[PDB]
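Student: Residue numbers (full-length UniProt numbering): 1025 to 1191.
Positions of the beta carbon are idealized from the N, C-alpha and C atoms, including for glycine.
The structure follows.
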Ligand SMILES: O=C(O)COc1cccc2ccccc12
């Protein structure tokens, strides 16, 4: 048993809810919250900015020190940092950004990072301002992630569309 509530079960291991991932993280305090990061860990908008804002910029301070030491991530890659006041850990995962011209085939590599964690709270990688088709991102998630993933979909209209089209 775990603490996630009101999710719709899609498969053996994938669950989904219409929820603000920030509000969800604050309530559940999951072991792992996934950030939809970029390779620079510059948390400007979307899930990265919202999460970072909820940490009072501590996520961005930590991230700047990580980049100063290690250099940028790879598209498709990840790193584990603090979850601050939101979670034990934050898994910063870089999905391809279609609005920057990155290869959508890297989305499967991005979701493979989730398999290193038994349970995660996550957004739909490469959806929203990342420019990929969220229906596609949900299908890659289901077909790639084998660990237990709780997907928060911010937009109510998108949530309804994802559920109604899910095979
Ligand atoms: O939750 C959703 O309605 C769809 O996902 C997203 C919405 C807006 C911004 C996003 C940025 C990164 C990844 C997903 C995002």
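1) Between 1074, 1086, 1093, 1124, which has its C-alpha nearest residue 1245's C-alpha?
2) For residue 1169, name the three-state secondary structure that DSSP assigns.
3) Please report how far the alpha carbon of residue 1047 lies from the alpha carbon of residue 1145, in whole angstroms.
4) Using 8 angstroms as the Cβ pair cut-off and three pairs as the minimum, do the region 1131-1141 and the region 1072-1089 touch?
5) Counting pairs of Cβ atoms below 8 angstroms between the region 1085-1103 and the region 1030-1043, do you hit three or more?
6) Considering only heavy atoms of ligand 1 and the C-beta of each residue, which residues fall inside 6 angstroms, strictly closer?
7) Report all residues from its chain with a CB closer than 8 angstroms to the CB of residue 1035; omit the five preceding and five following residues, and keep chain order.
8) Within a Cβ cutoff of 6 angstroms, which residues of the same chain sit near residue 1115, ignoring the five residues on either side of it in sequence?
9) Below 8 angstroms on the Cβ atoms is my guess for residue 1049 versus residue 1097; work out the distance and round it to an integer in Å.
10) Ligand 2 heavy atoms versus the CB of residue 1035: any closer than 7 angstroms?
11) Where do the N-terminal and C-terminal ends of the alpha helix (DSSP H) with residue 1091 fall, by residue?
12) Assuming residue 1173 contacts residue 1037 (C-beta within less than 8 angstroms), just tell me the rounded distance between them.
13) Using CA atoms only, rank isn't needed, just tell me which of 1143, 1154, 1137, 1108 is closest to residue 1127.
14) Please work out which residues of its chain come closer than 7 angstroms, Cβ to Cβ, to residue 1158, disregarding the five sequence neighbours upstream and downstream, and give them in chain order.
Tutor: According to the structure shown:
1) The chain is shown only over 1025 to 1191; residue 1245 falls outside these bounds and no answer can be derived.
2) Here residue 1169 is taken as the residue at index 145 of the chain shown, counted from 1. The answer is coil: DSSP assigns residue 1169 none of H, G, I, E or B.
3) Within the chain shown, the letter at position 23 stands for residue 1047. Within the chain shown, the letter at position 121 stands for residue 1145. Going from the Cα of residue 1047 to the Cα of residue 1145 covers about 11 angstroms.
4) no
5) no
6) 1060, 1070, 1071, 1147, 1148, 1151, 1152, 1153, 1154, 1158, 1177, 1178, 1179, 1182
7) Locating residue 1035 in the chain shown gives position 11, counting from the first residue. 1166.
8) On the chain shown, position 91 is the one that residue 1115 refers to. So the list reads 1056, 1058, 1102, 1104, once near-sequence residues are dropped.
9) Within the chain shown, residue 1049 is the residue found at index 25, counting from 1. Within the chain shown, residue 1097 is the residue found at index 73, counting from 1. Under the criterion of beta carbons closer than 8 angstroms, residue 1049 and residue 1097 do not qualify as touching, at roughly 21 angstroms.
10) Ligands present in the displayed structure are limited to ligand 1, and ligand 2 is not among them.
11) Looking up residue 1091 in the chain shown gives position 67. Residues 1082-1094.
12) For the purposes of this step, residue 1173 is taken as the residue at position 149 of the chain shown. For the purposes of this step, residue 1037 is taken as the residue at position 13 of the chain shown. The pair is a contact, with the Cβ atoms about 7 angstroms apart (cut-off 8 angstroms).
13) In the chain shown, residue 1127 corresponds to position 103, counting from 1. The shortest C-alpha separation from residue 1127 is found at 1154.
14) One-based indexing of the chain shown puts residue 1158 at position 134. Cβ neighbours of residue 1158 beyond the five flanking positions: 1148, 1151, 1182, 1186.
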